[PDB]
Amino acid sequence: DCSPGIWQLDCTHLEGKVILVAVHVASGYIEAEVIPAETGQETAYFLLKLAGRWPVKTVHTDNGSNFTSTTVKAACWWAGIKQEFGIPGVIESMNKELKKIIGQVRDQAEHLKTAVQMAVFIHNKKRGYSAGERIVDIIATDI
């Protein structure tokens, strides 16, 4: 996509922990958190944080059951987020490449949490612009 309000949100599993990964579809920019387990409460909290930072209009996920809880729907309601039903390619590219980077830095960090954020940093800063540069430009332009 190119629409600036669209995000993808998914969980991946690593070392018995859960990594919640948000991707800004238009730029490739990522934010991540390591959580104990997949719960509606954790997803809701993450969504509220994201919406306070970026103009989040719609969110897509590869696992629709992720968004069925009361708690998630309440967070979407309050923040004015809708579910994206307009995406039936480069999003599976982010989550596998993110896991590669995590693997690369894993030894230089003590805790998995740190390695994840190191990987996010590397991903977003890599340039011919970076994902970090692209998201800011897209959101700035859009008014």
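One-based numbering along the sequence shown.
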For the neighbouring pair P88 and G89, the stretch of deposited sequence with no coordinates amounts to 4 to 9
Relative to the deposited sequence, how many residues with no modelled coordinates occur between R127 and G128 (none, 1 to 3, 4 to 9, 10 or more)?
-> 4 to 9
Look over 116 to 124 and 7 to 15 in the entry and identify the one with the greater average Cα temperature factor.
-> 7 to 15
Per the entry, higher mean C-alpha B factor between 25 to 33 and 43 to 51 | 25 to 33
C-alpha B-factor winner, where the candidates are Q104, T58, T70, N63 | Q104
Chain-relative C-alpha B factor for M94 (record values, thirds): the highest
Of the three thirds of the chain ranked by Cα temperature factor, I81 occupies the middle
